[PDB]
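*Asks:*
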Amino acid sequence: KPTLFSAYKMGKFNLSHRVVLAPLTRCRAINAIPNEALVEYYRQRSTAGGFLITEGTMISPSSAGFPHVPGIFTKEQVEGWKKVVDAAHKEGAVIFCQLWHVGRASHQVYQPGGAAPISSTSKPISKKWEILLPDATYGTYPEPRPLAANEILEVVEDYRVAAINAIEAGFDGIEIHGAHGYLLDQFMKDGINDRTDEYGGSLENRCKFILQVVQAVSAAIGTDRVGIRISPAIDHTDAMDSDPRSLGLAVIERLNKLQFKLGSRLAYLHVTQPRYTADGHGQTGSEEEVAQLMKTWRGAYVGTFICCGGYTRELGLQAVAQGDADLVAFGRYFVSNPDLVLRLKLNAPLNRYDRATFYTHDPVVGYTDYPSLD
Ligand SMILES: Cc1cc2nc3c(=O)[nH]c(=O)nc-3n(C[C@H](O)[C@H](O)[C@H](O)COP(=O)(O)O)c2cc1C
Ligand SMILES: O=Cc1ccc(O)cc1
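Heads up: the sequence shown runs through residues 4 to 287, 293 to 382, numbered per the authors' numbering.
Structure, rendered in structure tokens:
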């Protein structure tokens with residue numbers, strides 16, 4: 004019977020337990036090159052048959068919206084990732100690279116030639132939100148430039164190339180970052196997408212871009228090496244949809260149809276959910297609604313389902329035991345608990361995490377120096 008600590012066949016891959024390292028931007032990849040700090044970071048968190056998803060990784064120079072995040076669009080970057088991947092594999096881990104384009108959630112200082120960030124729209128993120136700049140101050144999100152149709156196809160090509168480069172680096176697969184108000188979410192969410200062309204309006208039009216990406220990377224490296232992450236009900240950086248339930252089901256129906264058409268299943272669907280507790284962990293109304301949404305989306309998707317967002321040991325156990333999810337990803341707890349899988353198995357205390365060093369750049373401090381049990 005399925006439990007949080009029981010084995011799982013994720014299509015092509017075999018896992019020994021259901022605890023997953025959620026993708027986490029940490030900003031230690033100085034000048035976008037994966038390095039020895041990242042090697043130790045992922046090695047520390049690796050387990051035999053444990054699934055790891057990397058931090059968001061740039062698919063292009065226009066992809067960036069944080070400092071010192073890794074890319075996978077140059078040979079030098081690929082060579083850096085090889086070292087990370089080899090170390091993870093030496094521990095028996097399965098590791099996917101998350102492909103990340105931030106869209107309008109960026110700033111001129113992050114853009115080639117100081118160009119405007121690109122998006123579905125010309126509308127900027129509101130002043131209620133601010134962006135961390137490379138000089139450790141916070142700045143204003145600028146007006147983005149809306150992509151023309153041919154430019155969207157160029158971004159699809161960037162994802163395709165990024166996927167091929169990931170496989171060259173030895174990654175087991177990739178995850179399409181389609182969540183949290185970044186580029187693809189800027190097209191899906193009717194709170195952001197005000198386009199009047201073939202990429203705006205209907206759910207069909209709004210889902211077109213992300214489906215083109217899924218189709219392209221599946222063609223390049225195989226459906227069974229492709230995972231997709233979405234967050235229809237998370238509002239981060241003004242990324243709301245008027246009907247998250249329908250948006251989620253629209254994406255899922257299209258994934259199901261693509262799988263049926265091509266004759267194989269994607270590696271997984273990965274959905275993050277909002278929480279309504281003070282600290283954003285665990286459970287307290294909106295809670296019950298969100299919980300049912302997640303069960304509805306799980307039930308509608310044909311294949312492996314990863315849940316994420318505020319899961320605890322008890323909630324992770326329940327999720328797998330009751331069939332609500334096949335795999336459970338952990339973000340913040342994995343920051344401060346390199347041996348999180350062991351700690352969960354032993355019901356050991358979890359180290360507190362320090363948010364002040366989430367996005368600083370030191371290879372050791374607040375990055376690789378959280379203690380393991382051993
Ligand atoms: C510091 C930090 C960095 C994150 N970076 C990413 C990222 O690069 N890509 C992504 O999809 N989610 C990212 N997330 C969201 C997490 O994957 C996760 O969904 C979120 O933290 C909620 O899960 P949790 O309660 O286990 O932390 C990040 C979260 C935090 C706190
Ligand atoms: O979902 C992507 C993401 C990236 C950086 C963050 O800090 C949080 C989320």
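Ideal Cβ placement from N, Cα and C applies to all residues, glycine included.
#1: For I177 and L269, what's the separation of their Cα atoms in angstroms?
#2: Which residues in the same chain as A152 place their Cβ atom closer than 8 Å to its Cβ, once the five residues preceding and following it in sequence are excluded?
#3: If we call anything under 8 Å between Cβ atoms a contact, is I233 one with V220?
#4: Which one of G324, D332, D282, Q189 has the shortest CA to CA distance from residue 288?
#5: Give the DSSP-derived three-state secondary structure of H92 in the structure shown.
#6: Select from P70, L24, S9, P26 the residue whose C-alpha is nearest the C-alpha of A32.
#7: When the Cβ atoms of the stretch 38-50 are set against those of the stretch 81-94, are three or more pairs found closer than 8 Å?
#8: Please classify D241 as buried or exposed, where buried requires at least 16 neighbouring CB atoms within 10 angstroms.
#9: Measuring only the C-alpha atoms, how far is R306 from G116?
#10: First and last residue of the alpha helix (DSSP H) that includes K264?
#11: For the alpha helix (DSSP H) containing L18, name the first residue and the last one.
#12: Is it right to say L354 is buried, meaning 16 or more other beta carbons lie within 10 angstroms of its own, or is it exposed?
#13: Hey, which unbroken runs of the alpha helix (DSSP H) at 4 residues or more fall wholly within the stretch 209-241?
#14: Check whether the Cβ of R232 lies closer than 7 Å to any heavy atom of ligand 1, and answer yes or no.
#15: Measure the alpha-carbon distance for residue 288 versus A139 and round it to whole angstroms.
#16: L335: which of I167, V22, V216 sits nearest, CA to CA?
#17: Counting along the chain, where does the beta strand (DSSP E) carrying residue 288 start and finish?
#18: Can you look up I36 in the DSSP assignment and give me helix, strand or coil?
#19: Under the three-state reduction of DSSP, which class applies to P115: helix, strand or coil?
#20: Bridge partners of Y11, per DSSP?
#21: Whether or not the stretch 105-124 and the stretch 146-164 are in contact is what I'm after, with contact meaning three or more pairs of Cβ atoms, one per stretch, closer than 8 Å; do they touch?
#22: In chain order, what are the residues with a CB under 6 Å from some non-hydrogen atom of ligand 2?
#23: Would DSSP call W305 helix, strand or coil?
#24: Is any heavy atom of ligand 1 found at a distance shorter than 7 Å from the C-beta of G283?
#25: Using DSSP with H/G/I as helix, E/B as strand and the rest coil, what is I98?
#26: So, are the CB atoms of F54 and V97 less than 8 Å apart?
#27: Could you tell me whether the Cβ atoms of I128 and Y141 are closer together than 8 Å?
#28: Determine the extent of the beta strand (DSSP E) in which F54 is found, giving its start and end residues.
#29: Determine the extent of the alpha helix (DSSP H) in which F342 is found, giving its start and end residues.
#30: Measuring CA to CA, which of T50, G74, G184 is closest to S109?
#31: Just to confirm the assignment, what range does the beta strand (DSSP E) spanning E178 have?
#32: On a CA-only basis, which of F338, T368, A364, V373 is nearest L358? Give me that one, please.
#33: Could you name the residues of the same chain whose beta carbon sits closer than 8 Å to that of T6, not counting the 5 residues immediately before and after it, in chain order?
#34: So which of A169, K192, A166 has the shortest CA-CA distance to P235?
*Replies:* From the atom records:
#1: One-based indexing of the sequence shown puts residue 177 at position 174. One-based indexing of the sequence shown puts residue 269 at position 266. Cα-Cα distance, rounded: 11 Å.
#2: Here the question's residue 152 lines up with position 149 in the sequence shown. Closer than 8 Å at the Cβ level, and outside the excluded window around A152, lie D200, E201, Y202.
#3: Numbered from its first residue, the sequence shown carries residue 233 at position 230. Numbered from its first residue, the sequence shown carries residue 220 at position 217. No, the Cβ-Cβ distance between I233 and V220 is not below 8 Å.
#4: No coordinates exist for residue 288 in the structure shown, because the numbering of the chain passes directly from 287 to 293.
#5: As a position in the sequence shown, residue 92 is number 89, starting the count at 1. If DSSP states are grouped into helix, strand and coil, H92 belongs with the helices.
#6: As a first step, residue 32 is located in the sequence shown; it is residue number 29 there, counting from the start. Per the Cα distances, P70.
#7: yes
#8: Translated into the one-based positions of the sequence shown, residue 241 becomes position 238. So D241 ends up on the buried side.
#9: In the sequence shown, counting from the first residue as 1, residue 306 sits at position 298. In the sequence shown, counting from the first residue as 1, residue 116 sits at position 113. The straight-line gap from Cα to Cα measures roughly 43 Å.
#10: In the sequence shown, residue 264 corresponds to position 261, counting from 1. First-last of the alpha helix (DSSP H) with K264: 247-265.
#11: The residue given as residue 18 occupies position 15 in the sequence shown. Counting along the chain, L18 falls outside any alpha helix (DSSP H), though it belongs to the beta strand (DSSP E) covering 16-18.
#12: Here residue 354 refers to the residue found at position 346 of the sequence shown. Label assigned to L354: exposed.
#13: 211-224
#14: Residue mapping note: residue 232 aligns to position 229 of the sequence shown, counting from 1. Checking the Cβ of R232 against ligand 1 gives yes.
#15: Here the chain breaks off after 287 and picks up again at 293, leaving residue 288 without coordinates.
#16: Walking along the sequence shown from the start, residue 335 turns up at place 327. The shortest C-alpha separation from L335 is found at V22.
#17: Note on the chain: numbering goes from 287 to 293 directly, and residue 288 within that interval has no coordinates.
#18: Taking the first residue of the sequence shown as 1, we reach residue 36 at position 33. In this structure, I36 counts as coil in the three-state DSSP scheme.
#19: As a first step, residue 115 must be located in the sequence shown, where it is residue number 112. Reduced to three states, the DSSP call for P115 is helix.
#20: By one-based count along the sequence shown, residue 11 stands at place 8. The partner list for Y11 (beta bridge, DSSP) reads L18.
#21: yes
#22: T28, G59, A182, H183
#23: Locating residue 305 in the sequence shown gives position 297, where the first residue counts as 1. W305: helix per DSSP, three-state reduction.
#24: Counted from its first residue, the sequence shown places residue 283 at position 280. Result yes, Cβ under 7 Å from ligand 1.
#25: Within the sequence shown, numbered from 1, the residue matching residue 98 stands at position 95. Correct three-state label for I98: strand.
#26: Locating residue 54 in the sequence shown gives position 51, where the first residue counts as 1. Locating residue 97 in the sequence shown gives position 94, where the first residue counts as 1. Yes, the Cβ-Cβ distance between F54 and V97 is below 8 Å.
#27: Position 125 of the sequence shown holds residue 128. Position 138 of the sequence shown holds residue 141. Cβ distance not < 8 Å, so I128 and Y141 don't count as in contact.
#28: Along the sequence shown, read from residue 1 onward, the residue named residue 54 stands at position 51. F54 -> beta strand (DSSP E) spans 54-56.
#29: Within the sequence shown, residue 342 is the residue found at index 334, counting from 1. Segment 340-344, the alpha helix (DSSP H) holding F342.
#30: Here residue 109 refers to the residue found at position 106 of the sequence shown. The candidate whose alpha carbon is nearest that of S109 is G184.
#31: Sequence index remark: in the sequence shown, residue 178 carries index 175 (1-based). Its beta strand (DSSP E) spans residues 176-181.
#32: By one-based count along the sequence shown, residue 358 stands at place 350. Closest option to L358, Cα to Cα, is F338.
#33: Here the question's residue 6 lines up with position 3 in the sequence shown. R21, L325, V328, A329.
#34: Reading the sequence shown from its first residue, position 232 is the one you call residue 235. For the residues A169, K192, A166, the minimum Cα distance to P235 belongs to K192.
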